[PDB]
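Following: one structure in structure tokens, then a few remarks.
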Amino acid sequence: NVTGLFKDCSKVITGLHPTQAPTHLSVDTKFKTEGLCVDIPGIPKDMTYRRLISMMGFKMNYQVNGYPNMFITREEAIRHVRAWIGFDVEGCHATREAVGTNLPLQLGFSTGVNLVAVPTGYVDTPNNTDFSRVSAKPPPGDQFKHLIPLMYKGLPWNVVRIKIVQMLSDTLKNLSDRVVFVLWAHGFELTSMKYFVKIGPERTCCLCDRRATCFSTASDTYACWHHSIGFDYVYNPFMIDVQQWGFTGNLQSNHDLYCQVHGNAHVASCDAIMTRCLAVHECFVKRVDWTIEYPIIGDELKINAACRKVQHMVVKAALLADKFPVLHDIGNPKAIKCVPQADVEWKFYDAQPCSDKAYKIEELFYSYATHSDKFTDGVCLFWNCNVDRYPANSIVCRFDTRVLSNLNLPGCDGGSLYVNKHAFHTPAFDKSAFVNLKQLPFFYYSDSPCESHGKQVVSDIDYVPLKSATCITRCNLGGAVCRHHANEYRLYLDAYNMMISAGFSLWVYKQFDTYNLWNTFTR
Amino acid sequence: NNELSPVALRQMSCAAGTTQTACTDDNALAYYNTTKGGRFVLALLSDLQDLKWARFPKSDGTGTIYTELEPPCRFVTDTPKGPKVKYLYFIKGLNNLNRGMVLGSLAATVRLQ
Amino acid sequence: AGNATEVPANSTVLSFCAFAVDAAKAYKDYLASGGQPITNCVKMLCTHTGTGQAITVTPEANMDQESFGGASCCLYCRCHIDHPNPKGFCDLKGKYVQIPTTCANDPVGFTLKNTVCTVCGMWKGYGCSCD
Ligand SMILES: [Mg+2]
Ligand SMILES: [Zn+2]
Ligand SMILES: [Zn+2]
Ligand SMILES: [Zn+2]
Ligand SMILES: [Zn+2]
């Protein structure tokens, strides 16, 4: 059994004078007589042979702790998002002097990029190998006619690795201290990687605290990702094996399974972006897991606290307004009451109940064609539930997915993957969800006494200049301060605005009105 | 200065074996041209060491043909796990013309060793 | 096309020396990392007569040792990888290597750990009158 690994690539079949062949196979049958080699003075050695050599058949999987085994297994690449970026390359074979080798020409990832490069390879020489540039042509397949205008305009390796590690150093610099890739057909990636990649001892980055995933050869320097400028190597990266995780056909038709929005404009980056997309599906289209966490990068606790306080506040307002006879909760995983004091009929629903308190969480999967004409009494709850059309009455809040939020990571199929502490595979946005309500109308509600020296009622409470007839925080007639209230609205205003920076959208039904709060405050 | 023939020779899978009866229904790869007379067949492609007969339903599906094969031509294609032996039988007594256009379309499709 | 070359059984081995940039300490950790040796060094043949200088144009051997080739004895060139050689490749490509009987299992660690002494031209310690 012989290897395509280091398999010679030039057509010349004249064996090497074994003093110029580093293996016992690359010796001509002039020296092997009964498995042994005998020196021959009858012919001198040769100095005229320039052959490229194959770089396939690797199967890298040593076993030491001094290097961490780069390829991560099933979970160790699912757990670690903010690193997913595609990897796929297109290749070709040579014409005259040689053929039988695979070399890269265009490289595409998850980033909407497709790098051009002239092919080069390890030619064998009587002193070592040289890294020589050889004539190139794409495969004779007619579907490679798109690959015609790429061979005469490519780029060498040095500038290419600089630009690539720098695309890294500005796109992934925001994300992680390594880099993981999705890959379908592992083989051509195996063949393509080696040119600007090197393994060795992972150590510590230069003047930085990350793990060193950059390497220089002129100096041997180790850069992270805020500090990789002209320093062009990916050193301890990662990958995620997409193919061997439950598939049959190619990635294209398996993208056609669910991922339909992904059109097919004839490029190469589409293959890696769809690799990432389909890997996202075949692990995350199911139920959200609560045992998985993430690093926070960043500022996320502000969004969390604002979301909690505003949700509680708006539910309080709608409740104390409309006086709901029954509030049919939906999709609440920890059976506690959002509003503390609420004399409303309290239920518990979800598509997946738990163990204890399942006597609360009833088994029900909502649908617009099924449960349409039952919960008309009172109101339900559609906070972050991503179903079909919302019923006639509901207090709602849906992630408008198209927003810009560098914690958003696109996925399948267009439905966004938000990366908080629990990865939300949330369905995309359309207008067909909110066809029974209208978006949120602003207000401000408070029902507590003041703090000033008056203690009792008007007019002994201090009014400082606050003029706004929309913050219905009585008392409110030109002053409307009460200290604790006014500034709070101030802060509260900030609160509201902050939410429109995440993506969550609030809507309340049309028949809501403002004067009910006014009449509530007529004490 | 005189180009030969841009092609349109299709390839299907069907039945062949070593004797009149040994032909299993799915093991061979027919290369053919649907001329004036049905899917007129030209050559066979296989992986087995030898197949001296083949069997294919007719134009409308009346009977099964008993078309013998050539002493196959030897060559090796490539599959992602290295080289792979393959044979190219011809329907015996097939002149140079269609042998040539078959080789054309074929070597076009399959890159050898 | 071309000519076949490596054994698939030592693929992994050369893999660790194909993608490595600190490949020397790497492959010595590999020799000591749960593996069996690179089972493909060119096996020469001679009368075992001559001095002990391995780096020889025509096998120059002792009665004890045994000769492999010259080129097939540096992993830096056995893997077609880049070299830290100043200018700019490895020397033993072209000659022969007669290693003494003990340490002659693998000539890679030999060529890298030892290096010819200018005095007796032999491998330093196998043997030498070096004081
Ligand atoms: Mg494509
Ligand atoms: Zn750094
Ligand atoms: Zn007040
Ligand atoms: Zn060397
Ligand atoms: Zn000495």
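We name chains A, B, ... following the order of the structure tokens; residues begin at 1 in each chain, and ligands are numbered from 1 as shown.
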Next on the checklist: What does the list of residues within 6 Å of ligand 1 look like if you count only C-alpha atoms and all ligand atoms, written as an MDAnalysis selection string?
Outcome noted: chainID A and resid 266:268
With C-alpha atoms retained, write the just-selected residues as an mmCIF file, in the first residue's frame.
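Saved file result-v2.cif follows:
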data_model
loop_
_atom_site.group_PDB
_atom_site.id
_atom_site.type_symbol
_atom_site.label_atom_id
_atom_site.label_comp_id
_atom_site.auth_asym_id
_atom_site.auth_seq_id
_atom_site.Cartn_x
_atom_site.Cartn_y
_atom_site.Cartn_z
ATOM 1 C CA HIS A 266 -22.036 31.024 -8.368
ATOM 2 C CA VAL A 267 -19.286 31.790 -5.854
ATOM 3 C CA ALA A 268 -17.144 29.794 -3.409
#
Next on the checklist: To check your reading of the model: which residues sit at most 7 Å from ligand 5 when counting only C-alpha atoms and all ligand atoms? Write the answer as a ChimeraX atom specification.
Outcome noted: /C:117-122,124,128-130
Checklist entry - Could you pull the residues within 8 Å of residue 329 in chain A, counting only C-alpha atoms, minus those fewer than 4 positions along the same chain, as a PyMOL selection string? => result chain A and resi 346-349+380-381
Given the selection you just returned, output its residues as a file containing N, CA and C atoms, formatted as a PDB file, in the first residue's frame.
ATOM      1  N   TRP A 346     -54.312  32.730  37.389  1.00  0.00           N
ATOM      2  CA  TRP A 346     -52.934  32.492  36.967  1.00  0.00           C
ATOM      3  C   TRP A 346     -52.789  31.049  36.502  1.00  0.00           C
ATOM      4  N   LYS A 347     -52.319  30.871  35.269  1.00  0.00           N
ATOM      5  CA  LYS A 347     -52.097  29.549  34.706  1.00  0.00           C
ATOM      6  C   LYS A 347     -50.615  29.336  34.395  1.00  0.00           C
ATOM      7  N   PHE A 348     -50.318  28.211  33.745  1.00  0.00           N
ATOM      8  CA  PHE A 348     -48.955  27.839  33.389  1.00  0.00           C
ATOM      9  C   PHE A 348     -48.997  26.929  32.170  1.00  0.00           C
ATOM     10  N   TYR A 349     -48.445  27.400  31.054  1.00  0.00           N
ATOM     11  CA  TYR A 349     -48.442  26.649  29.807  1.00  0.00           C
ATOM     12  C   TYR A 349     -47.059  26.694  29.175  1.00  0.00           C
ATOM     13  N   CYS A 380     -53.662  36.309  27.099  1.00  0.00           N
ATOM     14  CA  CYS A 380     -52.567  35.352  27.165  1.00  0.00           C
ATOM     15  C   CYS A 380     -51.238  36.097  27.288  1.00  0.00           C
ATOM     16  N   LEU A 381     -50.141  35.412  26.967  1.00  0.00           N
ATOM     17  CA  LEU A 381     -48.813  35.987  27.141  1.00  0.00           C
ATOM     18  C   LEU A 381     -47.870  35.488  26.054  1.00  0.00           C
TER      19      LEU A 381
END
Checklist entry - Using only C-alpha atoms and all ligand atoms, what are the residues with an atom within 12 Å of ligand 3, set out as a ChimeraX atom specification? => result /A:445-458,460-464,473-476,479-489
Residues from the last selection, C-alpha atoms, saved as a tab-separated table (two decimals), in the first residue's frame:
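The file below, result05.tsv, is the result:
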chain	number	residue	atom	x	y	z
A	445	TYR	CA	-46.99	54.72	35.19
A	446	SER	CA	-46.39	55.21	38.92
A	447	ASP	CA	-48.65	54.94	41.96
A	448	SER	CA	-46.66	55.88	45.06
A	449	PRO	CA	-46.44	59.02	47.23
A	450	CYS	CA	-43.72	61.66	47.00
A	451	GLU	CA	-40.62	62.33	49.09
A	452	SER	CA	-40.73	66.12	49.69
A	453	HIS	CA	-41.69	68.03	52.86
A	454	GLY	CA	-45.42	68.04	52.12
A	455	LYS	CA	-46.14	64.48	53.32
A	456	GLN	CA	-49.84	64.93	52.58
A	457	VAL	CA	-51.62	66.17	49.45
A	458	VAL	CA	-51.38	69.13	47.06
A	460	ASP	CA	-47.28	71.10	49.69
A	461	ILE	CA	-45.08	68.93	47.42
A	462	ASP	CA	-42.11	70.43	45.61
A	463	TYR	CA	-42.44	70.85	41.84
A	464	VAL	CA	-39.21	71.54	39.97
A	473	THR	CA	-47.16	59.84	36.70
A	474	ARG	CA	-49.73	61.76	38.72
A	475	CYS	CA	-49.54	64.18	40.15
A	476	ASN	CA	-48.81	65.73	36.75
A	479	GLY	CA	-44.67	70.08	37.56
A	480	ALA	CA	-44.93	66.30	37.95
A	481	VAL	CA	-41.75	65.61	39.92
A	482	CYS	CA	-42.18	64.01	43.35
A	483	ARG	CA	-38.40	63.51	43.19
A	484	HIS	CA	-38.30	59.67	43.25
A	485	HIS	CA	-40.73	59.63	40.32
A	486	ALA	CA	-39.39	62.28	37.92
A	487	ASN	CA	-35.73	61.26	37.85
A	488	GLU	CA	-36.91	57.64	37.65
A	489	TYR	CA	-38.83	58.42	34.47
Checklist entry - Of the residues B:105, B:19, B:77, B:98, which is the one nearest to chain C, using only C-alpha atoms? => result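 Looking only at the distances to chain C, the closest residue turns out to be B:77.
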Checklist entry - Between A:32, A:82, A:45, A:360, which one has atoms that come closest to residue 58 in chain C, using only C-alpha atoms? => result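 The shortest atom-to-atom distance to residue 58 in chain C comes from A:45.
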Checklist entry - What residues have any atom no more than 9 Å from ligand 4 when counting only C-alpha atoms and all ligand atoms, and can you list them as JSON, numbers by chain? => result {"A": [127, 128], "C": [71, 73, 74, 75, 76, 77, 78, 79, 80, 81, 82, 83, 85, 89, 90, 91, 92, 93, 111]}
Could you dump the residues just selected with N, CA and C atoms as a PDB file, in the first residue's frame?
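Once everything was written out, this is part29.pdb:
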ATOM      1  N   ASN A 127      18.975  19.622  -3.285  1.00  0.00           N
ATOM      2  CA  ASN A 127      19.417  20.152  -2.002  1.00  0.00           C
ATOM      3  C   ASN A 127      18.319  20.128  -0.950  1.00  0.00           C
ATOM      4  N   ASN A 128      17.082  20.417  -1.343  1.00  0.00           N
ATOM      5  CA  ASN A 128      15.905  20.303  -0.490  1.00  0.00           C
ATOM      6  C   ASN A 128      14.684  20.374  -1.393  1.00  0.00           C
TER       7      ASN A 128
ATOM      8  N   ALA C  71      20.933  11.108   2.059  1.00  0.00           N
ATOM      9  CA  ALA C  71      19.778  12.001   2.066  1.00  0.00           C
ATOM     10  C   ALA C  71      18.716  11.524   3.046  1.00  0.00           C
ATOM     11  N   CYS C  73      18.140  10.750   5.816  1.00  0.00           N
ATOM     12  CA  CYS C  73      18.591  10.798   7.196  1.00  0.00           C
ATOM     13  C   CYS C  73      18.399  12.155   7.846  1.00  0.00           C
ATOM     14  N   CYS C  74      17.677  13.070   7.203  1.00  0.00           N
ATOM     15  CA  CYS C  74      17.289  14.326   7.840  1.00  0.00           C
ATOM     16  C   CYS C  74      15.789  14.546   7.681  1.00  0.00           C
ATOM     17  N   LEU C  75      15.071  14.605   8.807  1.00  0.00           N
ATOM     18  CA  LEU C  75      13.630  14.830   8.748  1.00  0.00           C
ATOM     19  C   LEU C  75      13.318  16.224   8.223  1.00  0.00           C
ATOM     20  N   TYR C  76      14.206  17.194   8.485  1.00  0.00           N
ATOM     21  CA  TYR C  76      14.035  18.532   7.920  1.00  0.00           C
ATOM     22  C   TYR C  76      13.890  18.470   6.402  1.00  0.00           C
ATOM     23  N   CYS C  77      14.579  17.518   5.764  1.00  0.00           N
ATOM     24  CA  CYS C  77      14.436  17.323   4.326  1.00  0.00           C
ATOM     25  C   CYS C  77      13.574  16.113   3.995  1.00  0.00           C
ATOM     26  N   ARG C  78      13.421  15.178   4.936  1.00  0.00           N
ATOM     27  CA  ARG C  78      12.512  14.050   4.777  1.00  0.00           C
ATOM     28  C   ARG C  78      11.058  14.501   4.697  1.00  0.00           C
ATOM     29  N   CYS C  79      10.759  15.718   5.152  1.00  0.00           N
ATOM     30  CA  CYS C  79       9.386  16.203   5.115  1.00  0.00           C
ATOM     31  C   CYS C  79       9.172  17.362   4.152  1.00  0.00           C
ATOM     32  N   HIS C  80      10.186  17.740   3.369  1.00  0.00           N
ATOM     33  CA  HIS C  80      10.086  18.829   2.389  1.00  0.00           C
ATOM     34  C   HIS C  80       9.709  20.152   3.054  1.00  0.00           C
ATOM     35  N   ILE C  81       9.882  20.219   4.363  1.00  0.00           N
ATOM     36  CA  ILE C  81       9.489  21.426   5.061  1.00  0.00           C
ATOM     37  C   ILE C  81      10.557  22.487   4.948  1.00  0.00           C
ATOM     38  N   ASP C  82      10.261  23.664   5.477  1.00  0.00           N
ATOM     39  CA  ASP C  82      11.235  24.736   5.462  1.00  0.00           C
ATOM     40  C   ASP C  82      12.334  24.447   6.453  1.00  0.00           C
ATOM     41  N   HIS C  83      13.460  25.107   6.284  1.00  0.00           N
ATOM     42  CA  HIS C  83      14.592  24.803   7.127  1.00  0.00           C
ATOM     43  C   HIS C  83      15.046  25.996   7.917  1.00  0.00           C
ATOM     44  N   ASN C  85      18.117  26.168   8.387  1.00  0.00           N
ATOM     45  CA  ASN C  85      19.479  26.268   7.891  1.00  0.00           C
ATOM     46  C   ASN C  85      19.722  27.658   7.316  1.00  0.00           C
ATOM     47  N   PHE C  89      19.568  24.844   3.201  1.00  0.00           N
ATOM     48  CA  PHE C  89      19.084  23.477   3.182  1.00  0.00           C
ATOM     49  C   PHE C  89      20.033  22.603   3.986  1.00  0.00           C
ATOM     50  N   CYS C  90      19.807  21.295   3.915  1.00  0.00           N
ATOM     51  CA  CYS C  90      20.544  20.361   4.753  1.00  0.00           C
ATOM     52  C   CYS C  90      21.669  19.686   3.973  1.00  0.00           C
ATOM     53  N   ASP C  91      22.765  19.390   4.674  1.00  0.00           N
ATOM     54  CA  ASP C  91      23.993  18.963   4.010  1.00  0.00           C
ATOM     55  C   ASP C  91      23.979  17.506   3.564  1.00  0.00           C
ATOM     56  N   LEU C  92      23.499  16.587   4.406  1.00  0.00           N
ATOM     57  CA  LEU C  92      23.708  15.166   4.157  1.00  0.00           C
ATOM     58  C   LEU C  92      23.002  14.660   2.907  1.00  0.00           C
ATOM     59  N   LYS C  93      22.277  15.514   2.188  1.00  0.00           N
ATOM     60  CA  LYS C  93      21.583  15.103   0.969  1.00  0.00           C
ATOM     61  C   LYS C  93      22.610  14.850  -0.130  1.00  0.00           C
ATOM     62  N   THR C 111      20.880  12.436  13.219  1.00  0.00           N
ATOM     63  CA  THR C 111      21.355  13.595  12.475  1.00  0.00           C
ATOM     64  C   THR C 111      21.056  14.896  13.207  1.00  0.00           C
TER      65      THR C 111
END
Checklist entry - Taking only C-alpha atoms into account, what are the residues of chain A at most 8 Å from chain C, put as a PyMOL selection string? => result chain A and resi 1-13+18-26+36-39+57-64+98-100+122+124+126-129+194+197-201
Resulting file, chosen residues, C-alpha atoms, as a PDB file, in the first residue's frame:
ATOM      1  CA  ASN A   1       0.000   0.000   0.000  1.00  0.00           C
ATOM      2  CA  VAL A   2       1.388   3.367  -1.130  1.00  0.00           C
ATOM      3  CA  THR A   3       0.521   6.962  -0.275  1.00  0.00           C
ATOM      4  CA  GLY A   4      -0.836   9.885  -2.147  1.00  0.00           C
ATOM      5  CA  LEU A   5       0.784  11.543   0.828  1.00  0.00           C
ATOM      6  CA  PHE A   6       4.109  12.864  -0.515  1.00  0.00           C
ATOM      7  CA  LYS A   7       3.345  11.060  -3.790  1.00  0.00           C
ATOM      8  CA  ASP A   8       5.546  12.417  -6.575  1.00  0.00           C
ATOM      9  CA  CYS A   9       3.766  14.653  -9.078  1.00  0.00           C
ATOM     10  CA  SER A  10       6.015  15.025 -12.142  1.00  0.00           C
ATOM     11  CA  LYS A  11       5.680  12.618 -15.066  1.00  0.00           C
ATOM     12  CA  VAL A  12       9.395  11.723 -15.058  1.00  0.00           C
ATOM     13  CA  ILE A  13       9.566   8.084 -14.003  1.00  0.00           C
ATOM     14  CA  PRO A  18      18.822   6.944  -3.612  1.00  0.00           C
ATOM     15  CA  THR A  19      21.336   9.448  -2.237  1.00  0.00           C
ATOM     16  CA  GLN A  20      18.758  11.973  -3.536  1.00  0.00           C
ATOM     17  CA  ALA A  21      15.586  10.133  -2.437  1.00  0.00           C
ATOM     18  CA  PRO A  22      14.656  10.345   1.273  1.00  0.00           C
ATOM     19  CA  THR A  23      12.645   7.090   1.218  1.00  0.00           C
ATOM     20  CA  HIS A  24      13.298   3.444   0.419  1.00  0.00           C
ATOM     21  CA  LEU A  25      10.558   3.491  -2.243  1.00  0.00           C
ATOM     22  CA  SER A  26      11.834   6.396  -4.376  1.00  0.00           C
ATOM     23  CA  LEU A  36      19.045  -4.215  -0.201  1.00  0.00           C
ATOM     24  CA  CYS A  37      20.717  -1.266  -1.924  1.00  0.00           C
ATOM     25  CA  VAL A  38      24.230  -1.487  -3.375  1.00  0.00           C
ATOM     26  CA  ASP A  39      26.238   1.633  -4.227  1.00  0.00           C
ATOM     27  CA  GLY A  57      -3.104  11.912   3.059  1.00  0.00           C
ATOM     28  CA  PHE A  58      -2.235  13.448   6.429  1.00  0.00           C
ATOM     29  CA  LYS A  59      -4.750  12.289   9.069  1.00  0.00           C
ATOM     30  CA  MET A  60      -3.045  14.350  11.778  1.00  0.00           C
ATOM     31  CA  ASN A  61      -3.810  12.904  15.208  1.00  0.00           C
ATOM     32  CA  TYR A  62      -0.711  12.391  17.352  1.00  0.00           C
ATOM     33  CA  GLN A  63      -1.348  12.054  21.075  1.00  0.00           C
ATOM     34  CA  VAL A  64       0.443  14.375  23.517  1.00  0.00           C
ATOM     35  CA  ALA A  98       3.525  17.555 -13.967  1.00  0.00           C
ATOM     36  CA  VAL A  99       0.050  16.675 -12.727  1.00  0.00           C
ATOM     37  CA  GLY A 100      -1.489  14.772  -9.841  1.00  0.00           C
ATOM     38  CA  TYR A 122       7.017  22.190  -3.066  1.00  0.00           C
ATOM     39  CA  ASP A 124      11.866  18.649  -5.101  1.00  0.00           C
ATOM     40  CA  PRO A 126      18.830  17.911  -5.043  1.00  0.00           C
ATOM     41  CA  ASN A 127      19.417  20.152  -2.002  1.00  0.00           C
ATOM     42  CA  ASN A 128      15.905  20.303  -0.490  1.00  0.00           C
ATOM     43  CA  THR A 129      12.581  21.457  -1.797  1.00  0.00           C
ATOM     44  CA  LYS A 194      -0.579  23.816   5.057  1.00  0.00           C
ATOM     45  CA  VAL A 197      -0.370  27.305   8.901  1.00  0.00           C
ATOM     46  CA  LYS A 198       1.993  25.726  11.405  1.00  0.00           C
ATOM     47  CA  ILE A 199       1.591  23.700  14.581  1.00  0.00           C
ATOM     48  CA  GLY A 200       3.926  23.743  17.558  1.00  0.00           C
ATOM     49  CA  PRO A 201       3.745  24.720  21.217  1.00  0.00           C
TER      50      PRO A 201
END
Checklist entry - Which protein, DNA or RNA residues have an atom within 9 Å of ligand 2, counting only C-alpha atoms and all ligand atoms, as a PyMOL selection string? => result chain A and resi 204-214+222-228
Item to check | Expected answer as a PyMOL selection string: chain B residues within 12 Å of chain C, only C-alpha atoms | outcome: chain B and resi 76-78+82-83+111-113
Next on the checklist: Could you list, as a ChimeraX atom specification, every residue within 6 Å of residue 272 in chain A, counting only C-alpha atoms and ignoring same-chain residues fewer than 6 positions away?
Outcome noted: /A:86-88,109-110
